[PDB]
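Read the structure below first, then the notes.
Atoms within a ligand are numbered from 1 in the order they appear, just like the ligands themselves. In what follows, chains are A, B, ... by sequence order, proteins preceding strands, each numbered from 1.
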Protein chains: 2
Amino acid sequence: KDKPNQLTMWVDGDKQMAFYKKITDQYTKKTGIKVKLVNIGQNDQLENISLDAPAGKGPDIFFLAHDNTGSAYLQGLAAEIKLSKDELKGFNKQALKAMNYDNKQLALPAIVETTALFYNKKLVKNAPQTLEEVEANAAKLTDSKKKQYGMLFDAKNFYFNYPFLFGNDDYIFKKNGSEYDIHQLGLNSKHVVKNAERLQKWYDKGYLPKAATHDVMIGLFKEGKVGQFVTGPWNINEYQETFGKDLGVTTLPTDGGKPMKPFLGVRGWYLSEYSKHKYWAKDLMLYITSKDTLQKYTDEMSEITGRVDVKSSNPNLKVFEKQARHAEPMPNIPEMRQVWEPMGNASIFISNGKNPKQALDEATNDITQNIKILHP
Amino acid sequence: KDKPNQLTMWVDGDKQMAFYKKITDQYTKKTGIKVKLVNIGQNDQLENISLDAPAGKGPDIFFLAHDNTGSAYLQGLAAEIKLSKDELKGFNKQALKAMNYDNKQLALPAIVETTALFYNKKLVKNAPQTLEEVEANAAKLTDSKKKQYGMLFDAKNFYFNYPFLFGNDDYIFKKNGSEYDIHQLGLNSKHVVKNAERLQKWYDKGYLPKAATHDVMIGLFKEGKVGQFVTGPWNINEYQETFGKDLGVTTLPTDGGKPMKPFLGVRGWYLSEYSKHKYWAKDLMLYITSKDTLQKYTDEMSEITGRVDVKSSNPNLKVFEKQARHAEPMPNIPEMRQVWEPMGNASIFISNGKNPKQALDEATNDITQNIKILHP
Ligand SMILES: OC[C@H]1O[C@H](O[C@H]2[C@H](O)[C@@H](O)[C@@H](O)O[C@@H]2CO)[C@H](O)[C@@H](O)[C@@H]1O
Ligand SMILES: OC[C@H]1O[C@H](O[C@H]2[C@H](O)[C@@H](O)[C@@H](O)O[C@@H]2CO)[C@H](O)[C@@H](O)[C@@H]1O
Ligand SMILES: [Cl-]
Ligand SMILES: [Cl-]
Ligand SMILES: [Cl-]
Ligand SMILES: [K+]
Ligand SMILES: [K+]
Ligand SMILES: [K+]
Ligand SMILES: [K+]
């Protein structure tokens with residue numbers, strides 16, 4: 001079980017590749033094992049590996065968005081990684097779960113992302129602690145013609161409205177332990193339906209504009225016409241550039257005392273079943289996911305990582321670090337793919353005045369029949 | 001006209017880069033000019049070039065989807081390319097137009113794509129020539145709960161329903177010659193409303209299922225439950241493997257005696273304004289888009305190219321070659337980004353029974369509104 005001469009890794013982008021080269025160069029000085037890096041987009045790595053791995057041209061470790069976890073495993077491409085408690089130490093717990101399928105840890109998280117609550121201090125001086133407070137700010141600051149809104153988020157997209165519709169006891173697929181049951185949908189629960197009725201109420205009160213897309217909301221927020229905006233960290237720098245000290249960022253507030261959890265997206269390192277040096281591949285994977293490495297990663301890339309012990313020096317990103325510890329993984333199973341469009345359609349219908357129970361009942365029916373078609 | 005030591009090109013993906021190293025290895029033997037290839041995905045190239053070009057570290061030529069032509073030019077990143085009549089010979093005419101902005105040719109088309117009409121010969125023996133017989137096939141082969149449909153396409157998505165809604169004299173943005181006028185929209189013209197009513201009638205007659213997504217439609221077609229399916233060429237191998245000689249492929253039919261024209265998508269090579277060797281970059285661009293190079297390309301990649309003198313050996317792809325010469329470029333201006341979601345929403349509403357004139361009137365007003373906010 002001694003060292004091989006080389007280990008290959010599939011990195012997502014030229015930017016990350018340049019960063020992991022530096023890191024792996026140090027790995028080579030420490031261990032003597034050379035590391036070959038290949039730039040393959042994460043969106044193309046799963047298809048590519050299914051072809052290259054069986055022919056001996058695949059990598060020892062590769063990189064994917066966590067929602068591909070079940071599919072990667074089911075195809076016999078992603079191998080189980082057995083880890084020590086000491087090796088798991090410092091990793092975001094829900095991030096690990098996001099990369100766990102059939103009760104097996106299939107990857108280590110490198111990058112995590114969620115939404116958070118941005119606010120314009122010139123319009124909202126204090127960080128909203130409750131949803132009732134966010135609503136109160138919506139009521140005060142929303143002006144009809146002036147394009148001024150107290151509260152915005154892309155409520156027609158399930159990704160964004162998720163935390164406003166699903167509480168801790170609600171679910172998409174029922175979890176009978178770690179196993180999502182694909183035949184038990186919670187999309188049309190009494191509680192989700194009530195939250196969806198509230199969402200429609202926000203549309204009825206004029207708090208959420210029907211015509212605006214997520215990109216319009218971004219523009220409006222930058223223009224200084226929006227008090228509160230729930231979105232991802234993608235435009236942090238330009239929001240900081242535009243607002244300076246007036247840019248506020250906070251975690252999602254509590255909803256009736258229970259804290260809101262946005263979707264958690266995770267991207268990270270998988271072990272190839274076709275790797276012939278699984279011990280050392282794992283060793284390299286741990287080295288590139290160490291506190292040291294991922295701290296340098298957050299410093300140099302301004303992204304939140306899968307390590308809770310990594311600390312950005314940007315207080316705005318510190319908020320997303322916290323939010324990442326209080327979030328819910330997008331189900332990592334293939335059937336989750338069937339959920340997005342019907343819930344998106346339901347959300348569009350809700351915004352247009354459709355009875356929310358009917359909208360969600362129809363989405364649930366549609367998801368059920370689509371899963372059967374694509375996954376007998 | 002005196003050669004540089006090296007030329008740099010940004011390629012979209014590892015697979016394409018492997019193909020262009022071989023071509024450029026030959027280029028270097030002919031000219032003596034070294035070529036450096038870097039793998040940067042086309043969705044990341046504008047942003048990357050925006051930052052690297054000014055620092056003297058950008059490429060000589062880069063690769064984008066034609067939809068970014070206007071933006072690339074407005075930011076002073078893409079340079080005009082002066083071309084001979086003989087240098088233009090063999091290029092798909094609409095593909096060139098897709099890459100032409102402010103009356104300037106800004107790129108040469110490498111890859112093109114449109115939808116076409118697939119049909120299962122066990123259900124539909126002959127290639128349908130007219131929309132009227134597409135419908136007749138729909139009336140005859142659509143059966144309630146056997147999940148059998150004579151006709152399918154993702155009518156909720158504007159990219160797919162476009163040819164069914166817009167005829168030759170209809171338009172998104174009015175073309176005052178070659179340049180689009182962002183303030184004159186045609187999305188709600190009488191003729192388009194009329195086609196939208198026809199589309200609603202296909203939902204009312206049960207020809208198009210409301211619950212199905214594109215991915216479901218793909219599944220149903222592969223199960224042998226669908227007579228006719230309008231979609232792109234992306235799964236052509238899977239369909240061939242499944243049906244063999246029973247896979248029919250034809251161009252979109254005539255509608256009222258006129259050719260239905262789907263959207264044309266083009267991807268290709270732009271010339272960086274920051275290149276210090278524009279003459280020779282142009283030379284390299286012409287070499288990598290020659291009949292010889294693109295013929296080799298279609299052979300190894302199974303993609304349709306921007307050259308009409310390139311012929312695939314696959315008869316199913318020959319159909320796509322022809323379709324690409326009878327298509328309409330997606331408007332290549334930034335304002336087109338505001339069009340997609342509102343038209344998608346209107347299509348969804350139409351599928352749900354909303355009055356099509358209202359649906360399209362609201363989309364039009366929303367687009368007008370969103371364009372003003374994002375481009376003031
Ligand atoms: O349309 C459904 C779509 O939603 C999610 O995509 C997110 C993405 O994760 C974020 O990075 C950001 O761009 O917002 C997107 C909104 O769609 C799912 O992750 C994706 O799988 C799904 O198709
Ligand atoms: O958001 C809509 C989207 O429409 C077009 O995208 C097409 C794409 O060109 C095809 O390759 C295929 O995958 O269908 C896509 C839509 O489902 C536009 O190209 C794109 O700009 C636009 O965002
Ligand atoms: Cl509350
Ligand atoms: Cl000439
Ligand atoms: Cl006809
Ligand atoms: K944003
Ligand atoms: K689906
Ligand atoms: K397809
Ligand atoms: K938009």
Side-chain angles (χ1 to χ4, degrees), chain A residues 42-43 64-69 71 98 111-115 128-138 153-164 167 172 195 198 213-215 217-218 230-235 252-260 262-267 303-304 320 327-348, chain B residues 43 113-118 152-154 156-157 159-160 212-222 226 228-240 242 247 249 316 320 340-341 344:
Chain A
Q42 74 180 207
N43 299 7
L64 302 172
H66 87 280
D67 28 84
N68 292 308
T69 300
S71 181
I111 304 164
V112 299
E113 77 174 26
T114 70
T115 54
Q129 301 294 297
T130 67
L131 189 55
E132 217 175 86
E133 189 174 353
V134 171
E135 287 176 290
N137 291 330
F153 63 93
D154 186 356
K156 319 258 215 325
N157 180 340
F158 181 48
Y159 174 83
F160 290 114
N161 71 29
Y162 172 68
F164 297 89
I172 302 176
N195 288 337
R198 177 176 65 190
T213 58
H214 186 242
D215 287 339
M217 296 182 183
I218 292 177
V230 167
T231 186
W234 317 295
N235 295 133
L252 295 192
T254 57
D255 176 21
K258 315 187 77 301
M260 296 169 77
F263 275 134
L264 178 66
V266 191
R267 297 149 60 196
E303 285 182 299
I304 310 308
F320 286 85
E328 184 72 41
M330 291 178 286
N332 70 355
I333 68 184
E335 296 77 2
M336 182 58 194
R337 283 176 159 266
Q338 278 65 257
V339 174
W340 303 105
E341 181 169 344
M343 285 302 292
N345 289 5
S347 304
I348 292 166
Chain B
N43 295 353
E113 68 159 26
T114 67
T115 55
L117 181 61
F118 292 90
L152 285 185
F153 62 92
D154 186 1
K156 259 68 150 282
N157 182 345
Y159 172 88
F160 292 110
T213 59
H214 189 238
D215 287 341
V216 169
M217 291 181 181
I218 293 175
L220 296 178
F221 183 77
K222 292 207 297 172
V226 175
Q228 300 160 132
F229 183 33
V230 171
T231 185
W234 321 288
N235 292 119
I236 197 159
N237 295 339
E238 298 182 344
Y239 301 154
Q240 286 173 172
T242 299
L247 181 60
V249 185
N316 300 329
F320 286 87
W340 300 108
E341 183 164 339

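Side-chain contact between A:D255 and A:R198 is present, with heavy atoms from C-beta onward closer than 4.5 Å. Between A:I172 and A:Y162 the shortest side-chain heavy-atom distance falls below 4.5 Å.
Rounded to the nearest 0.5 angstrom, A:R337 CZ and B:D215 CG are separated by 6.5 Å. Note that the NZ atom of B:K222 and the CZ atom of B:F229 stand 11.0 Å from one another [nearest 0.5 Å]. Here the CE-OG1 distance, from A:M260 to A:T115, works out to 8.5 Å after rounding to the nearest 0.5 Å. Residue A:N235 holds its CG atom at 5.0 Å from CD1 of A:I218, rounded to the nearest 0.5 Å.
Shown here, atom 6 (O) of ligand 1 is out of close reach of the protein: none of its heavy atoms lies under 4.0 Å off.
With respect to atom 14 (O) of ligand 1, the closest heavy atom belonging to the protein is A:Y159 CD2, 3.9 Å. Given atom 18 (C) of ligand 1, the protein heavy atom at minimum distance is A:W340 CZ2, 3.8 Å. Atom 19 (O) of ligand 1 has as its closest protein heavy atom A:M330 SD, 3.8 Å.
Aromatic ring centroids of B:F118 and B:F320 lie under 6.0 Å apart.
Between A:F160 and A:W234, the two ring planes are perpendicular [angle over 60°; tilted spans 30° to 60°].
Listed by chain and number, B:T231 OG1, B:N235 OD1, B:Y239 OH are the protein N/O/S atoms closer than 3.4 Å to the K ion (ligand 8), with waters left out.
For the ligand labelled ligand 1, residue A:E113 lies inside the 4.0 Å heavy-atom shell. The closest approach between a heavy atom of A:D67 and any atom of ligand 1 is not below 4.0 Å.
Remark: A:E303 engages A:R267 in a salt bridge, criterion side-chain N to carboxylate O under 4.0 Å.
At distances below 3.5 Å, not a single donor-acceptor pair connects side-chain atoms of A:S71 with backbone N or O atoms of A:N68.
For ligand 1, the atoms closer than 4.0 angstrom to any heavy atom of A:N157 are 16 (C), 17 (O).
Proximity of A:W234 to ligand 1, defined as any heavy-atom pair under 4.0 Å, is confined to the side chain (atoms from C-beta onward).
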